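Here Cβ is always computed from backbone atoms with ideal geometry, including for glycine, and neighbour counts include all displayed protein chains. Throughout, read-outs are computed from the coordinates displayed, never taken from laboratory work.
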Amino acid sequence: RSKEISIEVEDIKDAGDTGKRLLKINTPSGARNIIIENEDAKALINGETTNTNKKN
Amino acid sequence: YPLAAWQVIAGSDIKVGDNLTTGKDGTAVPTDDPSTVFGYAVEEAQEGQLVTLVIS
C-alpha cells in the first residue's frame, strides 16, 4: 500500500492562488513573473530594460 | 499469507499503542513521524524482546 502518497499542489486545500502558482514554478525567473506585476519594475529586477522601461 | 499483525524484535523500549518504524539492524522502534510508521504495538517490550504489533 505504497510508502509516500505524494500529494499534488491542488490537494493543499488552504493554499492561495498565487501560492499554488509559486509552488509549481521551477525557476527564479518564473517566480518573478508571478510576483512582480509592474512591467517596468520586473524589467529592472530581470536586468533587462528598454528605453521605455527606463523612462517609466 | 497476509498478516494483520507481526511479531518483531524490539530495538528499544516500546509501550502499548506506540507507532513503530524501522530501527537499526531491522529492529522495531517507536516513532513520531508519520510515513515511517508501519504499525503499532499492542504489547510493551524492553529491548531485544519480541513485540506484537498491528500493521497499519
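Can you tell me which residue among B:42, B:16, B:54 is over 20 Å from residue B:2 (Cα atoms), surrounded by fewer than 18 Cβ atoms within 10 Å (Cβ to Cβ) and aliphatic (A, V, I, L, M)? Write out each step before concluding.
Values: B:42 fails: over 20 Å from residue B:2 (Cα atoms); B:54 fails: over 20 Å from residue B:2 (Cα atoms).
Answer to the check: B:16.
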Search result, residues across region B:2-22 that are under 9 Å from the mean Cα position of the chain (by Cα) and more than 14 Å from every other protein chain (Cβ to nearest Cβ): B:6, B:7, B:8, B:9, B:10, B:11, B:14, B:18, B:19, B:20
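For residue B:43, indicate whether it is more than 14 Å from chain A (Cβ to nearest Cβ), in contact with a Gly (Cβ under 9 Å, 6 or more places away or on another chain) and of a type in the set (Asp, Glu). Steps first, answer last, please.
Working: more than 14 Å from chain A (Cβ to nearest Cβ): yes; in contact with a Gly (Cβ under 9 Å, 6 or more places away or on another chain): no; of a type in the set (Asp, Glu): yes.
Answer is no for this residue.
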Tabulated pairs, region A:34-49, first at negative phi, second aliphatic (A, V, I, L, M) and part of a loop (DSSP other than H, G, I, E, B), C-beta under 6 angstrom, 6+ apart or interchain: A:42/A:36
Residues of region B:29-40 satisfying the condition of being hydrophobic (A, V, I, L, M, F, W, C) and either away from chain A (no Cβ under 14 Å) or in contact with a helix residue (DSSP H, G or I) (Cβ under 9 Å, 6 or more places away or on another chain) (or both): B:29
